[PDB]
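This report concerns only the one structure given below.
Values in this text are rule-based calculations from the coordinates and carry no lab data. So basically every Cβ, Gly included, is an ideal-geometry build from the backbone, and we count neighbours across all protein chains shown.
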RNA sequence: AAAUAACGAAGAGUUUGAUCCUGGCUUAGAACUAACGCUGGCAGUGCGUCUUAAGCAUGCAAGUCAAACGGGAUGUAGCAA
């Protein structure tokens, strides 16, 4: 189903040697099924196209299931990676993905449709994506939490 | 799987040979009793000395009561009253 692929970053880096300085390309990439599966990948190469391909291949291995809810997330989460804090909050329908660059990329790849978000702290795009994925770790699902708390979905409110 | 509530929060450039973090500066927006530059058809509504509480030609902006009173003047009746 036409896996969405969004190129977050294509940075050009270098290391110096006795001869001079040698250049290289790093590509940070997010792929997603669009229906609950999403993953990210990092690639490095001597040229942009090979770096892009490597990042794609790496991303296709870190696919993980995130339980979406009718096109949004069950509850407000805060993802803290190293210094990138990302607050994500589900919203009433038809609001639209109110998110920055990397957050919007990962969200449309995931399939979410209607959230608000804010990127506090560092704006390093790669760290922001990783913080978003930590928030994905923090998100829950109703049946399991109810099965581990010894309740049932109706009883969980009464 | 679900229920209810929420009717609303977007980033980016820039320290380095390159990187992360800290950090300031700058930037896309909405405004004003605005001014200036180029250009300029109309209508409706609203607004129009933010500075010298500086000096001011001119005209107007607080008068009315004759059924409160004694008189003057005028016209008529009146010889005069």
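For this structure, a couple of remarks:
- Cα-based shape type of the range A:45-154, given that a ≥ b ≥ c are square roots of the gyration tensor eigenvalues and the cut on a/c is 1.5: prolate
- GNM on chain A, alpha-carbon springs under 10 angstrom: the most fluctuating residue among A:104, A:12, A:69 is A:12.
- Between residue A:64 and residue A:9, the simple label model (points 7 Å from Cα in the Cβ direction) yields a spacing of 1.9 nm.
- Relative contact order computed over the range A:93-158 (Cα-Cα under 8 Å; 6+ residues apart), in percent: 26 percent
- Fewest-first ordering of A:52, A:78 by other beta carbons within 10 Å of each residue's beta carbon gives A:78, A:52.
- For the range A:53-105, the relative contact order comes to 21 percent (Cα pairs under 8 Å, sequence separation of at least 6).
- Per-residue ellipticity at 222 nm, computed for chain A from helices alone with -39500 (n - 2.57) per DSSP H run of at least four residues, works out to -8000 deg cm²/dmol.
- Alpha carbon centroid spacing (whole Å) that separates the range A:121-158 from the range A:60-82: 7 Å
- Most fluctuating residue given options A:95, A:132, A:72, as computed from a GNM of chain A linking Cα atoms under 10 Å: A:95
- Taking a ≥ b ≥ c as the square roots of the eigenvalues of the Cα gyration tensor, an a/c ratio of 1.5 or more together with a/b larger than b/c marks the range A:1-46 as prolate.
- Between residue A:80 and residue A:17, the FRET efficiency from the beta-carbon distance, with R0 = 35 Å, is close to 0.40.
- Full extension of the segment from residue A:156 to residue A:138, taken as 0.36 nm per residue of separation minus the current Cα-Cα distance, would add 4.5 nm.
- Calculated FRET efficiency for the pair residue A:2/residue A:95, C-beta based, R₀ 30 Å, to 0.05: 0.75
- Chain A, relative contact order in percent, only Cα pairs under 8 angstrom and at least six apart counted: 20 percent
- Degrees separating the helix A:48-59 axis from the principal Cα axis of chain A, which is the longest one: 30 degrees
- Anisotropy class of the range A:88-127 from Cα gyration tensor, a/c 1.5 cut: oblate
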